[PDB]
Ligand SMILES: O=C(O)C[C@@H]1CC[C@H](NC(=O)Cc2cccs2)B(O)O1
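Here's a solo chain for you in structure tokens, the form solved without the named molecule.
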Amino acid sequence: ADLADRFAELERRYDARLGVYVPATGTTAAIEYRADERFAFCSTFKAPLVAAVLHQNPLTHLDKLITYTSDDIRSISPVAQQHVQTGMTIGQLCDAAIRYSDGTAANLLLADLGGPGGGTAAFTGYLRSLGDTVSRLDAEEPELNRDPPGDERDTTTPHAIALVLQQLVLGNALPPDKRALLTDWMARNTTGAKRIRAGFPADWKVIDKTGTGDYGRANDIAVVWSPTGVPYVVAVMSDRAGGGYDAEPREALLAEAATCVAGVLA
């Protein structure tokens, strides 16, 4: 049979490169397919960005109002344009950056992180405090979805991002109150219904953060719980460089790969 042969069949069917990592657990072996190849973050980074901001500041910091203007509003931003008059709090921005992939919100949080490159260095720094020596962020939104294939900037690997998300949600990288805020935002995500959620049976709990870009880029990083409460971490990333910048991302690919994963964890 063999799970690798199946991921390769998915690649051929969807004409795409697929990366899958599920960290090991006390009872299950790691699941790997191109787990160490680089793929663009796209929006998957907005999840550990929220953790970085939570980590560097006391809970009271979520109450801080942030003001911005229309020139600040770039990339997909369903929440931010409805609050240019009023501004948004760090907390509301965290909510928006995760549940709606609001790109403007991802940029303000990067700005809040501080330093050179709009926050990208501080952020990459934050990933390093978690052992992730591979991932890097260099541009803000949207330039960060546009890097060409082979360019290492604004990339991670399934193996890397899985191990980060595991530390954040199931590990002790954040104290419980902050861990709970992060976990909840990912739990009430609105952008991921046709990706990893779609591939796992309904009676498995699924929290996630999606990513989409050019070159057929489609990602979903998730924490799932079996019907009897057993957690796993699942990172699935894809692109379709064969078709150029205008290549269509295929969400069914991520969902199918997730069903293959579910079958192996079952």
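Numbering starts at 1 and runs along the sequence shown.
The discussion below concerns the form solved in complex with the named molecule, not included here.
Peer 1: Looking at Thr89, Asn145, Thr157, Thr120, which is the one with a non-hydrogen atom within 4.5 Å of the named molecule in the bound PDB entry?
Peer 2: That would be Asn145.
Peer 1: Exactly one of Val50, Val206, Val233, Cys42 has a non-hydrogen atom within 4.5 Å of the named molecule in the bound PDB entry; which residue is it?
Peer 2: Partner contact (heavy atom, 4.5 Å) among the options: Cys42.
Peer 1: With the named molecule left out here, work out from 208-216, 50-58, 26-34, 64-72 which stretch has heavy atoms within 4.5 Å of it in the bound PDB entry.
Peer 2: Among the listed stretches, the partner-contacting one is 208-216.
Peer 1: Are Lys46, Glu141 and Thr191 jointly within 4.5 Å of the named molecule in the bound PDB entry, each by at least one heavy atom?
Peer 2: Checking in the bound PDB entry: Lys46, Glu141 and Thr191 are all within 4.5 Å of the named molecule.
Peer 1: Would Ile76 count as touching the named molecule in the bound PDB entry under a 4.5 Å heavy atom rule?
Peer 2: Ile76 belongs to the contact set for the named molecule.
Peer 1: Heavy atom within 4.5 Å of the named molecule in the bound PDB entry: which residues of 91-111 qualify?
Peer 2: Heavy-atom contacts to the named molecule in the bound PDB entry: only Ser101.
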